[PDB]
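Below you will find one chain, with nothing else, as structure tokens; this is the form deposited in one PDB entry, and questions on how it binds or moves follow later.
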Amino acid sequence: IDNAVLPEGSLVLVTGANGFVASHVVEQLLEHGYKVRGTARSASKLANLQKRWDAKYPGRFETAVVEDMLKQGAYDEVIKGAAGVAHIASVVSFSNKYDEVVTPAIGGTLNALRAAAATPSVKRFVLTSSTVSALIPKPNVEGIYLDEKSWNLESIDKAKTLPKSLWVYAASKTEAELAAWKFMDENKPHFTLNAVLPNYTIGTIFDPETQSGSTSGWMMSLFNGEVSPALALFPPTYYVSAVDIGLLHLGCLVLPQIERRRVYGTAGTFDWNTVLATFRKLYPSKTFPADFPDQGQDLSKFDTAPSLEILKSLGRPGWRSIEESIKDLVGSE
């Protein structure tokens, strides 16, 4: 990578490396010559992914165990020697008290930032956030533009008032990311922070046994013919390729021109009927559900300027298409 701020072969700590999105961040780091120390709550969580990375990138991936993200000193061992940190682990609480969800969300974010601030070798920190820190999609509503100053302030109220799950998740992601930027502003540490905000990530599932509770796992369920009533809870939104998400994290870790940015992972709009149409083109002889009721379309637009700058600097023309992203997940013919 031209002008990479982390020298080739540098070590990057990736927390929560067994997650679906996180595993694509790992893969792109390893693909570009970096060493990765990937954490999980137990070594068994990473066993299958470790075997893949041991074959594909021998000697470049190391499993690490961080059982408790919230513990003081949780990262004291695994941060050592790291030049970059991709913080993809999070504590997701299902408590019916708002503070019991938002407190560990913020705490897990700050715990990693504090460890990085205490480690002089860390030059770059990338936080995995979500487009829900900007908005929950509003189908068929015009005039919505999201830029790097857009925040889901609406979600905090709804999470405290509604007698839902999506709004509570949105509020916790919003508060966690705000706490990260506030940490940088209060403490002015020696490293630079960027955040990647994926929308609906579509790509290859490297380990289906453990990664099927993910955006791509739910899509794979539909490919196999299942029609959960829960599909109606997903509004029309933007997709993004899993490879592209990995590249966006890589660019946030190594590209000199990307500093203090919120990088939207928002390639194009889609709904479940777009997915079904793509399935039918990829597998014309496979049986798929007929179209779902119309849910409207996402008419919002995101400022993807830093995202496209990253992709171009990394040798990509632009976003991977939804057809290619879904093919990465399900194959073709």
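One rule holds for the numbers: they count along the sequence shown, beginning at 1. If you superpose the two forms and keep the largest set of C-alpha atoms that fall within 1.5 Å, you have the rigid core.
Just so you know, the form deposited in another entry exists too; it's not on screen, but the next bit is about it.
Superposed on the rigid core, the two forms differ between the shown form and the other one by 2 Å or more at the C-alpha of one listed residue only; from 96, 212, 140, 224 that residue is 96. Between residue 49 and residue 89, the Cα distance is greater in the other form than in this structure, by no less than 3 angstroms. The Cα-Cα distance between residue 89 and residue 174 is shortened by 3 Å or more in the other form relative to the form shown here.
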